[PDB]
K.L.:
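First, the structure itself, so that you have it in front of you.
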Amino acid sequence: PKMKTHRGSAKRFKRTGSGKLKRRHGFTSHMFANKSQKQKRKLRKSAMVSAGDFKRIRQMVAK
Amino acid sequence: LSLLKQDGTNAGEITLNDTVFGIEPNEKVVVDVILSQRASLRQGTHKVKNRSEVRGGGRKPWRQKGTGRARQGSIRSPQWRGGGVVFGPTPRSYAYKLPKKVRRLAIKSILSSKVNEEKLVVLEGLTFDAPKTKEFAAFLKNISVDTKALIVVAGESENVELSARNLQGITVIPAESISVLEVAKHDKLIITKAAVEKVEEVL
Amino acid sequence: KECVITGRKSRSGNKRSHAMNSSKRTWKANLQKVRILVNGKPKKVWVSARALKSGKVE
Amino acid sequence: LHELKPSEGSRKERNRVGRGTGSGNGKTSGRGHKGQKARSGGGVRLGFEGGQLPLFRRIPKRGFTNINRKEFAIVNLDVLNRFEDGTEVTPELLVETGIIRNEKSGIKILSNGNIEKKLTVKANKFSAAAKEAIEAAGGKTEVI
RNA sequence: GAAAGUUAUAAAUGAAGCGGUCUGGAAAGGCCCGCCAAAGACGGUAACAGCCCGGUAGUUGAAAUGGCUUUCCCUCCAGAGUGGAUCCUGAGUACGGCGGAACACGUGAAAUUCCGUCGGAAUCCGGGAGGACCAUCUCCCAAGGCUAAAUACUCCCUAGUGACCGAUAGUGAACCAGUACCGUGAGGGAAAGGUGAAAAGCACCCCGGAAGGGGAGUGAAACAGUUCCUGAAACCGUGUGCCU
RNA sequence: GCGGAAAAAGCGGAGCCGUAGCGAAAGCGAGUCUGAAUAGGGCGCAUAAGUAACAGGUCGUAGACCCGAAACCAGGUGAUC
RNA sequence: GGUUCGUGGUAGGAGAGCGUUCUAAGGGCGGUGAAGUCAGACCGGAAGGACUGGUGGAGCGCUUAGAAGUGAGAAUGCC
Ligand SMILES: [Mg+2]
Ligand SMILES: [Mg+2]
Ligand SMILES: [Mg+2]
Ligand SMILES: [Mg+2]
Ligand SMILES: [Mg+2]
Ligand SMILES: [Mg+2]
Ligand SMILES: [Mg+2]
Ligand SMILES: [Mg+2]
Ligand SMILES: [Mg+2]
Ligand SMILES: [Mg+2]
Ligand SMILES: [Mg+2]
Ligand SMILES: [Mg+2]
Ligand SMILES: [Mg+2]
Ligand SMILES: [Mg+2]
Ligand SMILES: [Mg+2]
Ligand SMILES: [Mg+2]
Ligand SMILES: [Mg+2]
Ligand SMILES: [Mg+2]
Ligand SMILES: [Mg+2]
Ligand SMILES: [Mg+2]
Ligand SMILES: [Mg+2]
Ligand SMILES: [Mg+2]
Ligand SMILES: [Mg+2]
Ligand SMILES: [Mg+2]
Ligand SMILES: [Mg+2]
Ligand SMILES: [Mg+2]
Ligand SMILES: [Mg+2]
Ligand SMILES: [Mg+2]
Ligand SMILES: [Mg+2]
Ligand SMILES: [Mg+2]
Ligand SMILES: [Mg+2]
Ligand SMILES: [Mg+2]
Ligand SMILES: [Mg+2]
Ligand SMILES: [Mg+2]
Ligand SMILES: [Mg+2]
Ligand SMILES: [Mg+2]
């Protein structure tokens with residue numbers, strides 16, 4: 001049978017042109033009194049999946 | 001190349017299309033296609049019984065501890081004499097096709113090989129009034145075959161198939177039915193002018 | 001144990017807790033023993049309240 | 001048929017483990033010693049991290065999918081040079097020739113490349129640059 | 001209901017070498033000559049056979065029964081147009097609440113479908129659906145029923161096939177096997193194939209109560225002797241070259 | 001799928017992958033998103049190769065390298081002890 | 001073809017091979033004795049391979065490719 005996509009991941013990662021995965025940052029709901037405005041500006045941007053993580057998860061989101 | 005009659009006499013010469021019979025043979029492609037065609041003939045009807053499929057074997061043969069025997073789960077576990085087979089054959093298809101373009105190159109290349117080897121005899125006619133194996137055998141002497149030979153014919157000529165049916169190395173086929181493995185299985189390729197037209201019409 | 005008019009009878013399904021634990025239960029029809037005459041002669045038969053609603057013998 | 005040689009490098013002998021120590025894959029058969037990964041059927045599921053919360057759960061879900069998302073078949077100018085000068089390029093002509101096979105939601109013309117010929121291009125959409133470029137050559141764009 | 005055709009269930013006919021010679025127990029094998037072939041399938045026959053046998057291709061064949069296909073019989077049968085006064089067009093139904101279920105869809109914003117329970121329409125100026133819901137538009141007309149084919153499976157039958165097994169394999173079962181045997185019972189569940197081409201299966205003599213032997217005979221072989229092709233290893237012995 | 005010999009071709013372009021990306025999305029497009037920005041920055045382009053088939057390696061779903069529990073559930077059989 | 005530096009090794013990675021059954025094609029062996037089996041002081045770097053002779057009494061190699069139920073000394077393994 002066909003491999004199944006990991007749906008949790010398909011709702012969180014996006015594949016870039018070069019074939020990398022782009023993601024959002026964690027600490028970005030609530031508890032915003034506890035984070036600095038600089039932290040907030042940084043956490044608001046997207047990020048790439050690290051090489052180590054990518055090795056672990058790439059089959060989960062092929063397709 | 002030359003164009004001889006059933007009797008064996010020369011009838012001028014025919015000009016084979018160089019895009020079908022002239023091309024530089026691609027041996028590597030012909031080998032791939034031969035292997036695929038041999039694989040596709042397999043029936044693959046082979047099975048064994050795994051430990052689930054073998055009769056009986058439901059109960060634990062003796063208690064896990066205390067008897068001084070090796071622990072065993074079923075009398076049909078695979079290390080038991082009449083037990084299940086661990087992997088072993090399962091019914092499966094071995095068939096696969098290379099891409100169409102590679103399959104066309106393969107037939108073009110095997111046919112070009114036969115011309116290079118001077119193993120292709122083009123006949124004006126080939127017909128028999130009645131099914132007569134003696135006549136077909138005499139024909140093969142006149143053409144000077146004395147080997148396995150694939151005979152390709154178009155102008156229906158039902159009497160050709162019957163007349164060559166009992167000869168051991170000889171195969172008669174339509175023209176629509178020419179295949180890499182049938183050309184490879186046979187030394188000489190004898191083809192009627194009418195059949196050459198039909199083969200070039202496709203390639 | 002079945003409505004003679006309709007065919008209403010017990011059917012199975014789930015009881016569900018908060019927490020959504022499921023366990024099998026039934027739904028019985030609201031069958032009542034009543035005298036009617038389906039065939040000419042009267043007789044005491046199970047009939048659903050729903051079947052009685054409106055026009056039946058009694 | 002008695003002298004078949006498959007292309008060199010096209011076929012390789014499969015590796016068979018558990019067939020003695022000489023091979024280098026005998027006994028433990030490449031699995032090393034014990035633990036979950038030595039066992040038949042052994043190994044954790046794909047993104048599993050041994051109980052550390054997996055990456056995908058550390059990060060938030062984002063966005064939605066539009067039920068009415070339009071995706072256009074893209075045609076860069078360069079391929080329009082294929083056509084003869086003073087020719088009327090339609091979608092039907094762009095699929096016959098074999099430039100766009102499936103015309104998803106429509107045909108959009110994009111600038112990428114440079115056009116030489118003076119055409120009359122009709123498509124569902126044009127990039128501002130594409131329109132300018134088709135015209136700069138000496139053509140007319142129509143939006144069907 | 002007939003009739004005709006055809007298929008099935010028995011069969012019939014069917015080409016060509018006793019060819020020479022070599023080895024051999026035997027020739028189908030070797031060597032050298034022929035021949036048939038719409039037949040060079042398969043099997044058998046004293047070793048490997050197109051031409052020895054059963055057959056095979058091809059061509060024929062059915063008293064009886066069954067199937068199928070046609071034709072006949074027999075049986076059955078109204079279908080267009082024009083209006084729109086009125087009438088009809090599936091009710092405890094649709095739907096709703098409550099509780100469940102089915103929907104890929106876990107009650108969710110939850111359409112659609114079903115069950116229990118309670119409530120309960122409209123009914124052509126009518127009704128349903130288009131994923132809460134309303135409006136518009138579009139497409140449909142529920143609460144009655146029937147319907148072949150394309151699909152699933154094989155205890156069977158017929159004909160075949162296999163880079164499937166070859167007796168610890170392949171069915172549990174090649175052999176009187178669901179037997180023997182075990183179990184109160186449900187149930188569990190084995191082992192076990194091979195003389196030779198042919199019985200020509202060892203007359204007769206000898207030792208022995210017999211078993212079993214030794215001769216003699218058969219046979220190509222008996223160190224093929226009624227479980228009898230081959231006959232490994234463990235293991236058991238006899239003899240003795242070197243050592244103790 | 002049709003055709004056929006459990007063929008070979010031929011037919012079959014529906015579909016799939018690639019040829020453009022960026023954005024949650026509307027969308028725009030060699031750019032795009034963010035942003036008041038003609039700024040900077042992210043991902044892309046400028047530094048085109050893919051696709052079909054077979055073979056090797058590894059992974060996923062399947063018992064998934066083999067043997068082994070104690071247990072659990074379902075239908076039966078037992079009070080000749 | 002030389003030169004230089006190398007060549008202990010468990011888990012483990014990489015490579016090249018041996019042998020087994022089956023298939024195809026080619027080419028062979030075999031009642032003047034096939035496979036199997038027994039023996040030997042032979043050959044190859046290894047896996048392994050021949051030769052000769054006994055037994056055996058009818059099938060079997062080789063070459064190139066292909067496919068795998070493809071290699072056992074251990075499982076208190078099963079018979
Ligand atoms: Mg928030
Ligand atoms: Mg079982
Ligand atoms: Mg002990
Ligand atoms: Mg077995
Ligand atoms: Mg290897
Ligand atoms: Mg190692
Ligand atoms: Mg070991
Ligand atoms: Mg270990
Ligand atoms: Mg480990
Ligand atoms: Mg924790
Ligand atoms: Mg005869
Ligand atoms: Mg003689
Ligand atoms: Mg014999
Ligand atoms: Mg014989
Ligand atoms: Mg409900
Ligand atoms: Mg559900
Ligand atoms: Mg609605
Ligand atoms: Mg209700
Ligand atoms: Mg509704
Ligand atoms: Mg809607
Ligand atoms: Mg929806
Ligand atoms: Mg209606
Ligand atoms: Mg058996
Ligand atoms: Mg045996
Ligand atoms: Mg058995
Ligand atoms: Mg005996
Ligand atoms: Mg319990
Ligand atoms: Mg009882
Ligand atoms: Mg008593
Ligand atoms: Mg050293
Ligand atoms: Mg080393
Ligand atoms: Mg390796
Ligand atoms: Mg053998
Ligand atoms: Mg032996
Ligand atoms: Mg094995
Ligand atoms: Mg042992």
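Throughout, a chain's letter reflects where its sequence line sits, starting with A, and its residues are numbered from 1. In what follows, every heavy atom counts, from backbone to side chain, and hydrogens, waters and symmetry copies are set aside.
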K.L.:
Kindly say if B:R69 contacts the phosphate of G:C78, meaning a side-chain N or O under 4.0 Å from OP1 or OP2.
P.N.:
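Indeed, a polar side-chain atom of B:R69 lies that close.
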K.L.:
In the strands shown, is F:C22 matched to any nucleotide by a Watson-Crick or G-U wobble pair with both distances under 3.5 Å, and which?
P.N.:
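The answer is F:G27, by the H-bond criterion.
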K.L.:
In this structure, do the base rings of E:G215 and E:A216 stack on each other (centres less than 5.5 Å apart, planes differing by less than 30°)?
P.N.:
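The answer, once centre distance and plane angle are checked, is that they stack.
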K.L.:
Looking only at side-chain N and O atoms, does D:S40 come under 4.0 Å of OP1 or OP2 in F:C67?
P.N.:
no
K.L.:
Between E:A224 and E:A198, how far apart are the two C1' atoms, rounded to whole Å?
P.N.:
14 Å
K.L.:
For G:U23, what is the paired nucleotide under Watson-Crick or G-U wobble rules, both distances under 3.5 Å?
P.N.:
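Because both required distances fall under 3.5 Å, G:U23 counts as paired with G:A65.
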K.L.:
Looking at E:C105 opposite E:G131, are both of their pairing distances below 3.5 Å, so that they form a Watson-Crick or G-U wobble pair?
P.N.:
yes
K.L.:
If the glycosidic angle sits within 90 degrees of zero it is syn, else anti. Tell me which applies to E:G183.
P.N.:
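For E:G183, whose glycosidic angle is more than 90° from 0, the conformation is anti.
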K.L.:
Assess whether one donor atom and one acceptor atom, taken from the side chain of A:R24 and the base of F:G23, lie less than 3.5 Å apart.
P.N.:
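No, the side chain and the base share no sub-3.5 Å donor-acceptor pair.
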K.L.:
Is there a donor N/O on one and an acceptor N/O on the other, under 3.5 Å, for the side chain of B:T45 and the base of E:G162?
P.N.:
yes
K.L.:
Report the glycosidic orientation of F:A71: syn if within 90° of 0, anti in every other case.
P.N.:
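Anti, which is what one calls it when the glycosidic angle falls more than 90° from 0.
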K.L.:
Looking at D:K61, I want to see if its NZ is surrounded by more than 12 non-hydrogen atoms of other residues, nucleotides or ligands under 6.0 Å.
P.N.:
no
K.L.:
Test the consecutive nucleotides E:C114 and E:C115 for base stacking (six-membered ring centres under 5.5 Å, planes under 30 degrees) and report the result as yes or no.
P.N.:
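When the rule is applied to E:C114 and its neighbour E:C115, the answer comes out as yes.
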K.L.:
Ignoring backbone atoms, establish whether B:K47 has a side-chain N or O less than 4.0 Å from OP1 or OP2 of E:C164.
P.N.:
no
K.L.:
Going by an N to O cut-off under 4.0 Å, is there a salt bridge joining B:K198 and B:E176?
P.N.:
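Yes, this pair counts.
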K.L.:
Let me spell it out: for each of B:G66 and B:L35, pick the nucleotide of RNA chain G with the closest heavy atom. Which residue's pick is nearer the 5' end?
P.N.:
B:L35
K.L.:
Is the distance from OP1 or OP2 of E:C36 to the nearest side-chain N or O of B:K134 less than 4.0 Å?
P.N.:
yes
K.L.:
Hey, does the side chain of B:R76 come within less than 4.0 Å of E:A190's phosphate (OP1/OP2), counting only N and O?
P.N.:
yes
K.L.:
Measuring to OP1 and OP2 of F:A69, would you say a side-chain N or O of B:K60 lies under 4.0 angstrom away?
P.N.:
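Looking at the OP1 and OP2 atoms of F:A69, one of them is under 4.0 Å from a side-chain N or O of B:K60.
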K.L.:
For B:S177 and F:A5, is the shortest distance between a side-chain N/O and OP1 or OP2 below 4.0 Å?
P.N.:
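Answer is no, no contact under 4.0 Å.
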K.L.:
Should F:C67 and F:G41 count as paired, given that a pair must be Watson-Crick or G-U wobble and both distances must be under 3.5 Å?
P.N.:
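In fact, F:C67 forms no Watson-Crick or wobble pair with F:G41 that has both distances under 3.5 Å.
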K.L.:
Please state whether the base of F:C67 and the side chain of B:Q79 form at least one donor-acceptor pair under 3.5 Å?
P.N.:
no
K.L.:
At less than 4.0 Å, is any side-chain N or O atom of C:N30 found next to OP1 or OP2 of E:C118? Yes or no.
P.N.:
yes
K.L.:
Which of these nucleotides, G:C18, E:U171, E:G99, is closest to any side-chain atom of D:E13?
P.N.:
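Out of G:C18, E:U171, E:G99, the nucleotide with an atom closest to D:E13's side chain is G:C18.
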K.L.:
For E:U70 and E:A143, do both pairing distances fall under 3.5 Å in a Watson-Crick or G-U wobble arrangement?
P.N.:
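Under the 3.5 Å cut-off on both distances, the two nucleotides are not paired.
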K.L.:
Aromatic rings B:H46 and B:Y94: how do their planes relate, parallel, tilted or perpendicular, breaks at 30° and 60°?
P.N.:
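Geometry flag for B:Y94 against B:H46: perpendicular rings.
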K.L.:
Just label F:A5 as syn or anti from its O4'-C1'-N9-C4 or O4'-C1'-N1-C2 angle, using within 90° of 0 for syn.
P.N.:
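Judged by the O4'-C1' to base torsion, F:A5 sits in syn, the angle falling within 90° of 0.
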K.L.:
Taking the six-membered ring for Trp, are B:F136 and B:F128 parallel (under 30°), tilted (30 to 60°) or perpendicular (over 60°)?
P.N.:
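If you compare the ring of B:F136 with that of B:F128, the planes turn out tilted.
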K.L.:
Hey, is the side chain of B:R51 poking within less than 4.0 Å of OP1 or OP2 on F:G68, counting only N and O atoms?
P.N.:
yes
K.L.:
Would G:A25 and G:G26 be classed as stacked, given the thresholds of under 5.5 Å between six-membered ring centres and under 30° between planes?
P.N.:
yes
K.L.:
Please classify E:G212 as syn or anti, treating any glycosidic angle within 90° of 0 as syn.
P.N.:
anti
K.L.:
Check B:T171, B:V183, B:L189 against B:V152 for a side-chain contact (heavy atoms from CB on, under 4.5 Å) and give me the one that passes.
P.N.:
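The single option meeting the side-chain contact (heavy atoms from CB on, under 4.5 Å) with B:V152 is B:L189.
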K.L.:
OP1 or OP2 of E:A101 sitting under 4.0 Å from any side-chain N/O of C:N14?
P.N.:
yes
K.L.:
When rounded to the nearest Å, what value does the distance between P atoms of G:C60 and E:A49 take?
P.N.:
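About 15 Å, rounded to a whole number of Å.
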K.L.:
Between F:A24 and A:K14, is there an OP1 or OP2 to side-chain N/O distance shorter than 4.0 Å?
P.N.:
yes
K.L.:
Considering Watson-Crick and G-U wobble pairs with both distances under 3.5 Å, what does E:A28 pair with?
P.N.:
none
K.L.:
Look at the side chain of B:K132 and the base of E:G58, then say whether one donor and one acceptor between them are separated by less than 3.5 Å.
P.N.:
no
K.L.:
Under a 3.5 Å cut-off for both contacts, is G:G71 paired Watson-Crick or G-U wobble with anything, and if yes, with which nucleotide?
P.N.:
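G:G71 is paired with G:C18.
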K.L.:
Give me the distance, rounded to whole Å, that separates E:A10 from E:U65 when you measure between the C1' atoms they each carry.
P.N.:
13 Å
K.L.:
Please confirm if F:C11 pairs with F:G1, counting Watson-Crick and G-U wobble geometry and requiring both distances below 3.5 Å.
P.N.:
yes
K.L.:
Is it the case that F:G63 (base atoms only) and B:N50 (side chain only) share a donor and an acceptor within less than 3.5 Å, ignoring hydrogens and angles?
P.N.:
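Under the 3.5 Å cut-off, the side chain and the base do form a donor-acceptor pair.
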K.L.:
Taking only the side-chain heavy atoms of A:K22 (C-beta and beyond), determine which of G:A11, F:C67, F:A24 contains the nearest atom.
P.N.:
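Of the candidates, F:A24 comes closest.
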K.L.:
For the nucleotides E:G130 and E:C137, report whether a Watson-Crick or G-U wobble pair is present, with both relevant distances below 3.5 Å.
P.N.:
yes
K.L.:
State whether D:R19 places a side-chain N or O below 4.0 Å from either non-bridging phosphate oxygen (OP1 or OP2) of G:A47.
P.N.:
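No.
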K.L.:
Measuring to OP1 and OP2 of F:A24, would you say a side-chain N or O of D:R62 lies under 4.0 angstrom away?
P.N.:
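So the side chain of D:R62 is within the cut-off, an N or O lying under 4.0 Å from OP1 or OP2 of F:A24.
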K.L.:
Side chain of C:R50, base of E:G119: donor and acceptor closer than 3.5 Å?
P.N.:
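Between E:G119 and C:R50, which were checked side chain against base, a qualifying N/O pair under 3.5 Å is present.
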K.L.:
Could you walk me through whether B:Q79 and B:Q72 pass side chain to side chain donor-acceptor pair (under 3.5 Å), step by step?
P.N.:
CA-CA 10 Å; B:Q79 79 275 27; B:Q72 306 292 351; 3.0 Å; yes
K.L.:
Tell me if the side-chain of D:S10 makes a donor-acceptor pair with the base of F:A55, cut-off 3.5 Å, by modelled atom types.
P.N.:
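Side chain to base: no pair present.
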K.L.:
Should B:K97 be listed as having a side-chain N or O under 4.0 Å from OP1 or OP2 of F:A8?
P.N.:
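Looking at the OP1 and OP2 atoms of F:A8, one of them is under 4.0 Å from a side-chain N or O of B:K97.
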K.L.:
Base of G:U64, side chain of D:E3 - is there a donor-acceptor contact under 3.5 Å?
P.N.:
no
K.L.:
Regarding F:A20, can its base be found pairing with the side chain of D:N76 as donor and acceptor, where the two atoms are less than 3.5 Å apart?
P.N.:
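Yes, a donor-acceptor pair under 3.5 Å.
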K.L.:
Between the base of G:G71 and the side chain of D:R16, is there a donor-acceptor distance below 3.5 Å?
P.N.:
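Checked by distance alone, the answer is yes.
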K.L.:
For the base of E:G120, is there a side-chain donor-acceptor partner from C:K53 under 3.5 Å away?
P.N.:
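Yes.
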K.L.:
Does a distance-only test, which skips hydrogens and angles, find a donor-acceptor pair under 3.5 Å between the side chain of D:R31 and the base of G:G12?
P.N.:
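Counting by modelled atom types and ignoring angles, no donor-acceptor contact under 3.5 Å is found here.
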